[PDB]
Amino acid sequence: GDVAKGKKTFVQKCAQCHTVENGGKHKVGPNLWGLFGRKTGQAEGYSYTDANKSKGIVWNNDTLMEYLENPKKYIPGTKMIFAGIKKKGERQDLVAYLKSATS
């Protein structure tokens, strides 16, 4: 898991819609501070869809790796409109960074 390459991905692919830092604003999507170890649909102040709220699983390495490959198949109904990151190595690196930058 390479945190410098995952950071590049994030800025490329996610940053338009998300922030990571403590305090960080909700943009199109929620801020993601806290996210590991949290159940889905849990960032304070954000209005999620009832899908992302009710999925009910906890965000950890394994589940973030599955969700990122295809977000709409994992959360049918999500308003996170983004196709996925298909390649396993870029997903690892990108998970390895979120881990770092969200606590």
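Sequential numbering from 1, following the sequence displayed.
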Quiz prompt | Of 11-19 and 84-92, the one with larger mean CA B-factor | solution = 84-92
Exercise. Taking the chain's C-alpha temperature factors as the reference, tell me which third residue 39 falls into: lowest, middle or highest.
Key: lowest
Quiz item: How does residue 72 rank on Cα B-factor within its chain, lowest, middle or highest third?
Solution: lowest
Exercise. Would you mind checking where the Cα B-factor of residue 66 ranks among the modelled residues of its chain, as the lowest, middle or highest third?
Key: middle
Quiz item: residue 45: which third of its chain by C-alpha temperature factor?
Solution: highest
Exercise. Comparing against every modelled residue in the chain, figure out the third that the C-alpha B-factor of residue 26 lands in (lowest, middle or highest).
Key: lowest
